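Overview (structure and organization)
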Amino acid sequence: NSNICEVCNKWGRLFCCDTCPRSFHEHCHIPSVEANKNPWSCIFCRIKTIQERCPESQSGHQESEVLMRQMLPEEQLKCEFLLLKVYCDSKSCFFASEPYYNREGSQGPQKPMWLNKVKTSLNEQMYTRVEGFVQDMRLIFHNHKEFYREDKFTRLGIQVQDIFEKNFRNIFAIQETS
Ligand SMILES: [Zn+2]
Ligand SMILES: [Zn+2]
Ligand SMILES: [Zn+2]
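Residues numbered from 1 in each chain as written, not as in the entry; some residues may be left out. Chains lettered and ligands numbered in written order. Heavy atoms only, no water. Residues with missing side-chain atoms left out of burial classes, pairs and counts.

Regarding how it was determined, this PDB entry cites X-ray crystallography in its header, along with a resolution of 2.0500 Å.

Spelled out as structure tokens, the structure:
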């Protein structure tokens, strides 16, 4: 097994996957690492199992169809994984905790959003469809773009949103287009 957390790349109190070599801090894994369960399989293993049980699940899909899916256990897991993939980028630190807005020439967003809030919402099963989760995620980056205007700090929103969007397309097998 790895000696660093797969998500934050730091050592510490790590839990090890029994079916692959990754390791996780307790609250870096999503959902949080489960109390008992030997063997334990991490979210990367559980996602790979889904694909292996249903190979045709990798054929291309339309985004509009994916967004209307109900949050049944397999969609729930996919959204948790996608969230996790965003936390794996170090620039997600800018979007993890609750922001505040006091900048000359800008007004704060009407509906603030941040990654820990989405994490909690997922955990408390507050999304009924994929669309709910995806809307909140995109809201994070949109609010950032709008608030930071022409400051070059806006680019952080672009970069982290690109990580989201690529992983979204991969995890939900969205039909490739030009
Ligand atoms: Zn970690
Ligand atoms: Zn694993
Ligand atoms: Zn099948």
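From this point on, the discussion continues.
With that settled, the discussion passes to the environment of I43. You can see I43 is positioned in helix α1 (residues 43–53). In contact with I43, other than residues within four places in its own chain, are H29, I30, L77, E80, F81 and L84. (Helix = DSSP H or I, 4+ residues; strand = E, 2+ residues; numbered from the N terminus. Contact = heavy atoms within 4.5 Å.)

This paragraph deals with the coordination of the zinc ion (ligand 1). Around the zinc ion (ligand 1), the protein supplies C5 (SG), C8 (SG), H25 (ND1) and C28 (SG) as donor atoms, at distances of 2.2 to 2.4 Å. Taken together, the four donor atoms surrounding the zinc ion (ligand 1) define angles of 96 to 120° at the centre, an arrangement classified as tetrahedral. Along the chain, the residues that donate to the zinc ion (ligand 1) are spaced as C-x2-C-x16-H-x2-C. Within this pair, whereas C8 is found in the segment before β1 (14–16), its partner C28 is found in the loop between β2 (23–25) and α1, the two being separated by 20 residues in sequence. (Donors = N, O, S within 2.8 Å, 3.2 Å for Na, K, Ca; no water. Tetrahedral: all angles 85-135°; square planar, octahedral: opposite > 155°, others 65-115°.)

A word on the domain arrangement of the protein chain. Entries for the protein chain in the domain assignment read domain 1 (1–59) and domain 2 (60–178). For domain 1 versus domain 2, the distance between C-alpha centres works out to 21 Å. Contact with domain 1, which involves 15 residues of that partner, is made by 14 residues of domain 2. Taken over both partners, the interface formed by domain 1 and domain 2 buries close to 1,400 Å², and the fraction arising from carbon and sulfur atoms is 74%. Of all residues in domain 1, the largest losses of buried area upon contact with domain 2 belong to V7, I30 and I47, amounting jointly to 38% of the total for that side. Summed over the shared surface of domain 1 and domain 2, the result is zero salt bridges. At the junction of domain 1 with domain 2, the criterion picks out two residue pairs in polar contact. Looking at side-chain class alone, the side of domain 1 that touches domain 2 contains eight nonpolar, five polar and two charged residues. (Domains from an automatic or database assignment. Buried area = accessible area lost by both parts, 1.4 Å probe. Salt bridge = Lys/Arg side-chain N within 4 Å of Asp/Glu carboxyl O. Polar contact = N/O pair within 3.5 Å; in protein donor to acceptor, adjacent residues only side chain to side chain. Nonpolar A, V, L, I, M, F, W, Y, C, P; charged D, E, K, R; others polar.)

Across the interface, helix α5 (residues 115–123) lies against helix α6 (residues 130–148) with an axial gap of 10 Å and an inter-helix angle of 170°. With respect to their mutual orientation, α5 and α6 come out roughly antiparallel. In this structure, α5 contributes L115, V118 and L122 to the contact, and α6 contributes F133, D136, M137 and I140. Of the residues assigned to the contact of α5 with α6, the class counts are six nonpolar, no polar and one charged. (Axes fitted to C-alpha atoms, helices over the stretch in contact; angles between N-to-C directions. Parallel < 35°, antiparallel > 145°, perpendicular 65-115°, else oblique.)

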